[PDB]
>>> print(open('structure-v8.csv').read())   # CSV, N, CA and C atoms and all ligand atoms
chain,number,residue,atom,x,y,z
Y,1926,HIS,N,15.6,49.6,47.9
Y,1926,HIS,CA,16.5,50.2,48.9
Y,1926,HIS,C,15.7,50.7,50.1
Y,1927,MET,N,16.2,50.7,51.3
Y,1927,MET,CA,15.5,50.9,52.5
Y,1927,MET,C,16.2,52.0,53.2
Y,1928,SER,N,15.5,52.6,54.2
Y,1928,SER,CA,16.1,53.6,55.1
Y,1928,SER,C,15.6,53.2,56.5
Y,1929,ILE,N,16.4,53.1,57.4
Y,1929,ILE,CA,16.0,53.0,58.8
Y,1929,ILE,C,16.4,54.3,59.5
Y,1930,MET,N,15.5,54.9,60.3
Y,1930,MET,CA,15.8,56.1,61.0
Y,1930,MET,C,15.6,55.8,62.5
Y,1931,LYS,N,16.6,56.1,63.3
Y,1931,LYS,CA,16.4,56.1,64.8
Y,1931,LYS,C,16.9,57.5,65.2
Y,1932,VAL,N,16.0,58.1,66.0
Y,1932,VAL,CA,16.3,59.5,66.6
Y,1932,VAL,C,17.1,59.4,67.8
Y,1933,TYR,N,18.2,60.1,67.8
Y,1933,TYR,CA,19.1,60.3,68.9
Y,1933,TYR,C,19.0,61.7,69.4
Y,1934,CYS,N,19.1,62.0,70.7
Y,1934,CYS,CA,19.2,63.3,71.2
Y,1934,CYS,C,20.4,64.1,70.7
Y,1935,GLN,N,20.1,65.3,70.2
Y,1935,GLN,CA,21.2,66.1,69.7
Y,1935,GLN,C,22.4,66.3,70.7
Y,1936,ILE,N,22.0,66.3,72.0
Y,1936,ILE,CA,22.9,66.7,73.0
Y,1936,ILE,C,23.7,65.5,73.6
Y,1937,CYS,N,23.0,64.5,74.1
Y,1937,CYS,CA,23.7,63.4,74.7
Y,1937,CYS,C,23.9,62.3,73.7
Y,1938,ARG,N,23.3,62.4,72.5
Y,1938,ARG,CA,23.4,61.3,71.5
Y,1938,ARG,C,22.9,60.0,71.9
Y,1939,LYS,N,22.0,59.9,72.8
Y,1939,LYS,CA,21.3,58.6,73.2
Y,1939,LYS,C,19.9,58.7,72.7
Y,1940,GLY,N,19.3,57.5,72.5
Y,1940,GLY,CA,17.9,57.4,72.0
Y,1940,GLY,C,16.9,56.9,72.9
Y,1941,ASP,N,17.3,56.7,74.2
Y,1941,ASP,CA,16.5,56.2,75.3
Y,1941,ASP,C,15.5,57.3,75.8
Y,1942,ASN,N,14.7,57.0,76.9
Y,1942,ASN,CA,13.8,57.9,77.5
Y,1942,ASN,C,13.0,58.5,76.4
Y,1943,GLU,N,12.4,57.8,75.6
Y,1943,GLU,CA,11.7,58.2,74.4
Y,1943,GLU,C,10.5,59.1,74.7
Y,1944,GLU,N,9.9,59.0,75.9
Y,1944,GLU,CA,8.8,59.8,76.5
Y,1944,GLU,C,9.3,61.3,76.7
Y,1945,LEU,N,10.6,61.5,76.8
Y,1945,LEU,CA,11.2,62.7,77.1
Y,1945,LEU,C,12.0,63.3,76.0
Y,1946,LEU,N,12.0,62.5,74.9
Y,1946,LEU,CA,12.8,62.8,73.8
Y,1946,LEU,C,11.9,63.6,72.8
Y,1947,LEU,N,12.1,65.0,72.8
Y,1947,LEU,CA,11.2,65.8,72.1
Y,1947,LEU,C,11.6,65.8,70.7
Y,1948,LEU,N,10.6,65.7,69.8
Y,1948,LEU,CA,11.0,65.6,68.3
Y,1948,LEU,C,10.4,66.8,67.7
Y,1949,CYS,N,11.3,67.5,67.0
Y,1949,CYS,CA,10.9,68.8,66.4
Y,1949,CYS,C,10.1,68.5,65.2
Y,1950,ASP,N,8.8,69.0,65.1
Y,1950,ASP,CA,8.0,68.9,64.0
Y,1950,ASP,C,8.5,69.7,62.8
Y,1951,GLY,N,9.4,70.7,63.1
Y,1951,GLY,CA,10.1,71.5,62.1
Y,1951,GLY,C,11.1,70.7,61.3
Y,1952,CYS,N,12.2,70.3,62.0
Y,1952,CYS,CA,13.4,69.8,61.4
Y,1952,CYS,C,13.6,68.3,61.7
Y,1953,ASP,N,12.6,67.7,62.4
Y,1953,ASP,CA,12.8,66.3,62.8
Y,1953,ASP,C,14.0,65.9,63.7
Y,1954,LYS,N,14.7,66.8,64.3
Y,1954,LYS,CA,15.8,66.4,65.2
Y,1954,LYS,C,15.2,66.2,66.6
Y,1955,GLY,N,15.9,65.5,67.5
Y,1955,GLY,CA,15.5,65.2,68.8
Y,1955,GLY,C,16.3,65.8,69.9
Y,1956,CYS,N,15.7,66.1,71.1
Y,1956,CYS,CA,16.5,66.5,72.3
Y,1956,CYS,C,15.7,66.2,73.5
Y,1957,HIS,N,16.3,65.6,74.5
Y,1957,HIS,CA,15.6,65.2,75.7
Y,1957,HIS,C,15.2,66.6,76.4
Y,1958,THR,N,14.1,66.5,77.2
Y,1958,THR,CA,13.7,67.6,78.0
Y,1958,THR,C,14.9,68.1,78.9
Y,1959,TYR,N,15.5,67.1,79.6
Y,1959,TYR,CA,16.5,67.3,80.6
Y,1959,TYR,C,17.9,67.5,80.0
Y,1960,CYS,N,18.0,67.4,78.7
Y,1960,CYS,CA,19.3,67.9,78.0
Y,1960,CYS,C,19.3,69.3,77.5
Y,1961,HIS,N,18.2,69.9,77.2
Y,1961,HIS,CA,18.1,71.3,77.0
Y,1961,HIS,C,18.6,72.1,78.2
Y,1962,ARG,N,19.1,73.3,77.9
Y,1962,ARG,CA,19.4,74.3,78.9
Y,1962,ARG,C,18.8,75.6,78.4
Y,1963,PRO,N,17.9,76.2,79.1
Y,1963,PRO,CA,17.4,75.6,80.4
Y,1963,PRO,C,16.6,74.4,80.2
Y,1964,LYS,N,16.6,73.5,81.2
Y,1964,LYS,CA,15.8,72.3,81.1
Y,1964,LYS,C,14.4,72.6,80.8
Y,1965,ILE,N,13.8,71.7,80.1
Y,1965,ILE,CA,12.3,71.8,79.8
Y,1965,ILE,C,11.7,71.0,80.9
Y,1966,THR,N,10.8,71.7,81.6
Y,1966,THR,CA,10.1,70.9,82.7
Y,1966,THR,C,8.7,70.7,82.5
Y,1967,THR,N,8.2,71.1,81.3
Y,1967,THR,CA,6.8,70.7,80.8
Y,1967,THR,C,6.9,69.9,79.6
Y,1968,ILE,N,6.3,68.6,79.6
Y,1968,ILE,CA,6.2,67.8,78.4
Y,1968,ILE,C,5.1,68.4,77.4
Y,1969,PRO,N,5.5,68.7,76.2
Y,1969,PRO,CA,4.6,69.5,75.3
Y,1969,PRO,C,3.4,68.6,75.1
Y,1970,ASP,N,2.2,69.2,75.2
Y,1970,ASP,CA,1.0,68.5,75.0
Y,1970,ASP,C,0.7,68.2,73.6
Y,1971,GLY,N,1.2,69.1,72.7
Y,1971,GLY,CA,0.9,68.9,71.2
Y,1971,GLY,C,2.2,68.8,70.4
Y,1972,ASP,N,2.4,69.7,69.5
Y,1972,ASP,CA,3.7,69.7,68.8
Y,1972,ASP,C,4.8,70.5,69.4
Y,1973,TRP,N,6.0,70.2,69.0
Y,1973,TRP,CA,7.2,70.8,69.5
Y,1973,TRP,C,8.0,71.3,68.3
Y,1974,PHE,N,8.4,72.6,68.4
Y,1974,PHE,CA,9.4,73.1,67.6
Y,1974,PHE,C,10.6,73.5,68.4
Y,1975,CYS,N,11.8,73.2,67.9
Y,1975,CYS,CA,13.0,73.3,68.6
Y,1975,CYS,C,13.5,74.7,68.6
Y,1976,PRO,N,14.4,75.1,69.5
Y,1976,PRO,CA,14.8,76.5,69.6
Y,1976,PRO,C,15.4,77.0,68.3
Y,1977,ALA,N,16.1,76.1,67.6
Y,1977,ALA,CA,16.8,76.5,66.3
Y,1977,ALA,C,15.7,76.9,65.3
Y,1978,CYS,N,14.7,76.1,65.2
Y,1978,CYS,CA,13.6,76.4,64.2
Y,1978,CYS,C,12.8,77.7,64.6
Y,1979,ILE,N,12.5,77.9,65.8
Y,1979,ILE,CA,11.8,79.1,66.3
Y,1979,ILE,C,12.6,80.4,66.0
Y,1980,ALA,N,13.9,80.4,66.3
Y,1980,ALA,CA,14.8,81.5,65.9
Y,1980,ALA,C,14.9,81.8,64.4
Y,1981,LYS,N,15.0,80.7,63.6
Y,1981,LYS,CA,14.9,80.9,62.1
Y,1981,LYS,C,13.6,81.5,61.7
Y,1982,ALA,N,12.5,80.9,62.2
Y,1982,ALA,CA,11.1,81.4,61.8
Y,1982,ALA,C,10.9,82.9,62.1
Y,1983,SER,N,11.4,83.4,63.3
Y,1983,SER,CA,11.0,84.7,63.8
Y,1983,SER,C,11.3,85.8,62.8
V,2001,LIG,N1,6.7,66.5,68.1
V,2001,LIG,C1,6.0,66.5,69.4
V,2001,LIG,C2,6.7,65.6,70.5
V,2001,LIG,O1,7.9,65.2,70.2
V,2001,LIG,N2,6.0,65.4,71.6
V,2001,LIG,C3,6.4,64.6,72.6
V,2001,LIG,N3,5.9,64.4,73.8
V,2001,LIG,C4,6.5,63.6,74.6
V,2001,LIG,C5,7.6,63.0,74.1
V,2001,LIG,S1,7.8,63.6,72.5
V,2002,ZN,ZN,19.7,63.8,75.7
V,2003,ZN,ZN,13.8,72.1,64.7
>>> encode(input="structure-v8.csv", output="structure tokens", more="lines below")
Ligand SMILES: NCC(=O)Nc1nccs1
Ligand SMILES: [Zn+2]
Ligand SMILES: [Zn+2]
Amino acid sequence: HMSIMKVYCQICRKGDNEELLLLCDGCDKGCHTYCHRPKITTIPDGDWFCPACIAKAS
């Protein structure tokens, strides 16, 4: 048995603009820079944790 995974943005539900589609190293969900509010205007240079994961960790 097999599993295919394709990441879609939590917000717009599209999987394009993959360079801007930030993948949470915490929970593996995706969200484009420009679909966040406030918009993310820095592409993370290393790893990304999403707002939901940061709020749970704190
Ligand atoms: N988990 C890190 C991450 O998603 N980095 C990315 N940089 C550019 C696009 S995605
Ligand atoms: Zn999006
Ligand atoms: Zn997360």
>>> closest_residue(input="structure-v8.csv", among="Y:1971, Y:1938, Y:1959, Y:1966", to="ligand LIG 2001 (chain V)", atoms="only C-alpha atoms and all ligand atoms")
Y:1971
>>> closest_atom_pairs(input="structure-v8.csv", of="chain Y", to="ligand ZN 2002 (chain V)", cutoff="8 Å", atoms="all atoms listed in the file", output="Markdown table")
| residue | atom | partner | partner_atom | distance |
| --- | --- | --- | --- | --- |
| Y:1933 | C | V:ZN2002 | ZN | 6.7 |
| Y:1934 | CA | V:ZN2002 | ZN | 4.6 |
| Y:1935 | N | V:ZN2002 | ZN | 5.7 |
| Y:1936 | C | V:ZN2002 | ZN | 4.8 |
| Y:1937 | N | V:ZN2002 | ZN | 3.7 |
| Y:1938 | N | V:ZN2002 | ZN | 5.0 |
| Y:1939 | N | V:ZN2002 | ZN | 5.4 |
| Y:1940 | N | V:ZN2002 | ZN | 7.1 |
| Y:1941 | N | V:ZN2002 | ZN | 7.6 |
| Y:1945 | C | V:ZN2002 | ZN | 7.7 |
| Y:1946 | CA | V:ZN2002 | ZN | 7.2 |
| Y:1955 | C | V:ZN2002 | ZN | 7.0 |
| Y:1956 | C | V:ZN2002 | ZN | 5.2 |
| Y:1957 | N | V:ZN2002 | ZN | 4.0 |
| Y:1958 | N | V:ZN2002 | ZN | 6.4 |
| Y:1959 | C | V:ZN2002 | ZN | 6.0 |
| Y:1960 | CA | V:ZN2002 | ZN | 4.7 |
| Y:1961 | N | V:ZN2002 | ZN | 6.5 |
>>> write_last_selection(input="structure-v8.csv", atoms="N, CA and C atoms", output="mmCIF file, in the frame of the given file")
data_model
loop_
_atom_site.group_PDB
_atom_site.id
_atom_site.type_symbol
_atom_site.label_atom_id
_atom_site.label_comp_id
_atom_site.auth_asym_id
_atom_site.auth_seq_id
_atom_site.Cartn_x
_atom_site.Cartn_y
_atom_site.Cartn_z
ATOM 1 N N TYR Y 1933 18.200 60.100 67.800
ATOM 2 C CA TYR Y 1933 19.100 60.300 68.900
ATOM 3 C C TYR Y 1933 19.000 61.700 69.400
ATOM 4 N N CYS Y 1934 19.100 62.000 70.700
ATOM 5 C CA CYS Y 1934 19.200 63.300 71.200
ATOM 6 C C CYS Y 1934 20.400 64.100 70.700
ATOM 7 N N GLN Y 1935 20.100 65.300 70.200
ATOM 8 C CA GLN Y 1935 21.200 66.100 69.700
ATOM 9 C C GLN Y 1935 22.400 66.300 70.700
ATOM 10 N N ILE Y 1936 22.000 66.300 72.000
ATOM 11 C CA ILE Y 1936 22.900 66.700 73.000
ATOM 12 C C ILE Y 1936 23.700 65.500 73.600
ATOM 13 N N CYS Y 1937 23.000 64.500 74.100
ATOM 14 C CA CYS Y 1937 23.700 63.400 74.700
ATOM 15 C C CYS Y 1937 23.900 62.300 73.700
ATOM 16 N N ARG Y 1938 23.300 62.400 72.500
ATOM 17 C CA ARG Y 1938 23.400 61.300 71.500
ATOM 18 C C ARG Y 1938 22.900 60.000 71.900
ATOM 19 N N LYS Y 1939 22.000 59.900 72.800
ATOM 20 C CA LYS Y 1939 21.300 58.600 73.200
ATOM 21 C C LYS Y 1939 19.900 58.700 72.700
ATOM 22 N N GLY Y 1940 19.300 57.500 72.500
ATOM 23 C CA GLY Y 1940 17.900 57.400 72.000
ATOM 24 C C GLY Y 1940 16.900 56.900 72.900
ATOM 25 N N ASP Y 1941 17.300 56.700 74.200
ATOM 26 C CA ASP Y 1941 16.500 56.200 75.300
ATOM 27 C C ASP Y 1941 15.500 57.300 75.800
ATOM 28 N N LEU Y 1945 10.600 61.500 76.800
ATOM 29 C CA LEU Y 1945 11.200 62.700 77.100
ATOM 30 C C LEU Y 1945 12.000 63.300 76.000
ATOM 31 N N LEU Y 1946 12.000 62.500 74.900
ATOM 32 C CA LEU Y 1946 12.800 62.800 73.800
ATOM 33 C C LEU Y 1946 11.900 63.600 72.800
ATOM 34 N N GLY Y 1955 15.900 65.500 67.500
ATOM 35 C CA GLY Y 1955 15.500 65.200 68.800
ATOM 36 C C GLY Y 1955 16.300 65.800 69.900
ATOM 37 N N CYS Y 1956 15.700 66.100 71.100
ATOM 38 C CA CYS Y 1956 16.500 66.500 72.300
ATOM 39 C C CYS Y 1956 15.700 66.200 73.500
ATOM 40 N N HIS Y 1957 16.300 65.600 74.500
ATOM 41 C CA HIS Y 1957 15.600 65.200 75.700
ATOM 42 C C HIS Y 1957 15.200 66.600 76.400
ATOM 43 N N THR Y 1958 14.100 66.500 77.200
ATOM 44 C CA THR Y 1958 13.700 67.600 78.000
ATOM 45 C C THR Y 1958 14.900 68.100 78.900
ATOM 46 N N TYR Y 1959 15.500 67.100 79.600
ATOM 47 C CA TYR Y 1959 16.500 67.300 80.600
ATOM 48 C C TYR Y 1959 17.900 67.500 80.000
ATOM 49 N N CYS Y 1960 18.000 67.400 78.700
ATOM 50 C CA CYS Y 1960 19.300 67.900 78.000
ATOM 51 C C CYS Y 1960 19.300 69.300 77.500
ATOM 52 N N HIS Y 1961 18.200 69.900 77.200
ATOM 53 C CA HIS Y 1961 18.100 71.300 77.000
ATOM 54 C C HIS Y 1961 18.600 72.100 78.200
#
>>> residues_near_ligand(input="structure-v8.csv", ligand="ligand ZN 2003 (chain V)", cutoff="12 Å", atoms="only C-alpha atoms and all ligand atoms", output="MDAnalysis selection string")
chainID Y and resid 1935 1947:1956 1972:1982
>>> atom_distance(input="structure-v8.csv", atom1="atom N of residue 1944 in chain Y", atom2="atom C of residue 1962 in chain Y")
19.0 Å
>>> atom_distance(input="structure-v8.csv", atom1="CA of residue 1968 in chain Y", atom2="atom C of residue 1929 in chain Y")
25.4 Å
>>> closest_residue(input="structure-v8.csv", among="Y:1965, Y:1927, Y:1943, Y:1932", to="ligand LIG 2001 (chain V)", atoms="all atoms listed in the file")
Y:1943
>>> select_by_dssp(input="structure-v8.csv", residues="chain Y", states="strand (DSSP E or B)", output="count of residues only")
7
